[PDB]
Amino acid sequence: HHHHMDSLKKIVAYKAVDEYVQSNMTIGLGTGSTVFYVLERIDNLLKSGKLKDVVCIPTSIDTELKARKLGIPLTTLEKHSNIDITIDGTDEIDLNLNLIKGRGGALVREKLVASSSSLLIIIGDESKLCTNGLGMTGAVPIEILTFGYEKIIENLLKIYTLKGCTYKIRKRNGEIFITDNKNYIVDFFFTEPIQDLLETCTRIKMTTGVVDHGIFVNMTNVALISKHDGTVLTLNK
Amino acid sequence: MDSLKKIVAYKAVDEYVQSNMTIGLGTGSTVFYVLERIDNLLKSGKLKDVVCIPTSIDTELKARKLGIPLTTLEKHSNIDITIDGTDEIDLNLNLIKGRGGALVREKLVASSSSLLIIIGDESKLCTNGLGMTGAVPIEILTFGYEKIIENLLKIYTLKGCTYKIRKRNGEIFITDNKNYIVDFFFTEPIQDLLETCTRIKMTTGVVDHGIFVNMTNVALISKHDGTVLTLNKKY
C-alpha cells in the first residue's frame, strides 16, 4: 500500500523532527525515502520560524543535493563539529536496537556521522523491525575497494560466520555501483541470523580492502517505529 | 643512493624471480630497477611466463610501458612473490610504508603473496624502534577527514603525536583509491605496535595504515661497502 507506506514514513519522520530537533542544533541527516520527510519537515519549520539556527550535515551526496534544493543550511564534518542529533533510517532493526543499513549505498558516511553525534535516532515503518534475528531480510552491505575486490570478497568468505553466505557485488543499471567514496559494495546474504554479531563486525572491519560494513552495533539511542494501526513505538537504549 | 638501489633491485629479481611466477610489483624509486630488470630478463628470454600485479597506478604505467605482462588481483590469485621497498624496516622485519602514497594496494597485494621481499638501502633499517624516521601514514576518507583525525588522536598510542594531512604540489594528496592520507610523527618508538595497528584499522573512516607487521619473509639491505645483507624470517 504505497501511499500508506509513505504516510507511515512521514509520521515517524515528522515525529523525530517535532520532538527531538531544536533551534541552534547541528543535525546529521540520514539517507533514503523515510528521511525525505525529515528534510521536508525541517525546511518547513525553518521557513515558518518555528525552528532557527539549524545547520545540517548530510550522509550522502543524494541527501546533500536534496537539502540544498530545499534551502536547508549545510555544513561539513570538521574537528569542531559535534552533532547534537542524527536522524537516519535503517534496512533492519532488532529489539536491541542493532541495525542493518546501507542498501541505498550510504553506509560508510552514515556510520561516521552517527558515531559523531550525541544522539542517533533511527526512524522506520514497522517492516524494518526484525524480532527473530538480524540479517535475513536482504543484503548486508560491505564497502570494499575497487582494486582487487574479488580477492577481498574471497577473504571475507573465510570469516567463519560468513563462510555459508551467498553474495553479489552491487549493481545499478547493469553497472557495478560506485559509492560516494568511490568504492564498491558487496552484498552478503544470510539464510539464518548473523552469528556472533559483534565478532563478525570486528572481523569484517579488520579485513584488508574493507572500508566499512552496514552493521551498526550499540550505536542507536532512540528508534521510532510507525505501525499500521496508527501507533508509533518509541524504543530507547 | 641510486646505485645502491640498483644493486638490491637486481639482486632481488635475479635470486628469487622465476619463470611461471605471478609477481607483485611495488612502488617507488628502488622498485624502478626491479621493473627495469624484469623487463631485461623477459626480453632476453632469461625469464619467461611471468605475469605482474602493480601496487599503484604509477607502477602500472611504467610497467605497461616496459611491456611487462600485467594482471589483476582476482578471486583466488596467489602471488608467488611481491617485491617492494619500505620506508622503515626493523629486525622483526616489521615495516613502515606508504610515503609514496600506495600503502593500501601494497598491503593487499603483499598479503595475497606467498612471499614478500622487501628491498632497500642501509638507511631504512631501524634498529632502535619503529616509527621515528618520518611519516607513519594512515589512509582515510576525504569526507569528514578532520573528524577521522580527531578520532585517531583518541588512540592512547597516538594521543601525543604531531600529525599533518598529506600534501603534494600545494594540494591535499589524493591516493589511487581516491582517499586522503594523514601522517603521524613520533619522537619515541610507536608503543604497543600491534594494538595500535588494530585500533587504527577499527577506526570508522580509516581505510588502512602503513604499519606492516609479520608480513615480510625476506629483506635485502644494500650496504655502503657495496655488499647486501639478506634477512630471512622463518616465522
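Residue positions begin at 1 at the first shown residue.
Yeah, the Cβs are placed from backbone N, Cα and C, and that goes for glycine too.
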Of A:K10, A:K66, A:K128, residue recorded by Swiss-Prot at the substrate site of A:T31, A:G32, A:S33, A:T34, A:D88, A:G89, A:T90, A:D91, A:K101, A:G102, A:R103, A:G104: A:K128
Chain residues outside the expression tag (A:1-4) and at least six past its termini with a C-beta under 8 angstroms from it: 228
Recorded substrate binding residues, A:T31, A:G32, A:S33, A:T34, A:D88, A:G89, A:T90, A:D91, A:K101, A:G102, A:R103, A:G104, A:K128 - maximal Cα separation rounded to whole Å: 15
Residues within 8 Å of the A:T31, A:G32, A:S33, A:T34, A:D88, A:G89, A:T90, A:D91, A:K101, A:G102, A:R103, A:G104, A:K128 Cβ centre (excluding the substrate site residues themselves): A:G30, A:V35, A:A106, A:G124
For the expression tag (A:1-4), residues assigned helix / strand / coil by DSSP: 3 helix, 0 strand, 1 coil
Collapsed DSSP category at A:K128 (substrate binding site): helix
Secondary-structure category, per DSSP, in which A:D88 (substrate binding site) falls: strand
